[PDB]
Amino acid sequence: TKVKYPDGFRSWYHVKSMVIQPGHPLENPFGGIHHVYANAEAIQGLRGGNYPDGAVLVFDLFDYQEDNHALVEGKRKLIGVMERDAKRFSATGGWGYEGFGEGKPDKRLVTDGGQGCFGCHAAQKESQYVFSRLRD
């Protein structure tokens, strides 16, 4: 019933990035610069296949410092993790949702079995609960 810490995700495919600045609706808790990573199984779904069990997507969130009109990556704030298991995570549409504070495996952030995460990602049911799109 727990999402596994995605060891080695920094070596995975970089899907996209985005900056969430103060005033954004997602500033608490997702403000900063984030990078989306996908393991090989998640790439199958992002390409237009079905997401296989074992697909993992990671939302890697950094603080940033605005320094002379550059936004410079600071410390890692958290990672968000979506782990595909149609049976084990059936209550949240077949994705397990977890956060890790500072990307550390012992700093679990989700306290409601991922119902809040799922509530927002449910808007993307037609794209299998995933917002990010593959770009070249």
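The first residue of the shown sequence is 1; numbering continues from there.
Student: On mean Cα temperature factor in this entry, is 70 to 78 or 87 to 95 the higher one?
Tutor: Comparing averages over the C-alpha atoms only gives 87 to 95.
Student: On average, are the C-alpha B-factors higher in 31 to 39 or in 44 to 52?
Tutor: The stretch with the larger average C-alpha B-factor is 44 to 52.
Student: Considering only 21, 124, 11, 17, which residue's Cα atom bears the greatest B-factor as recorded?
Tutor: Highest CA B-factor of the listed options: 124.
Student: Residue 106: which third of its chain by C-alpha temperature factor?
Tutor: Within its chain, residue 106 is a highest-third residue by C-alpha B-factor, going by the deposited values.
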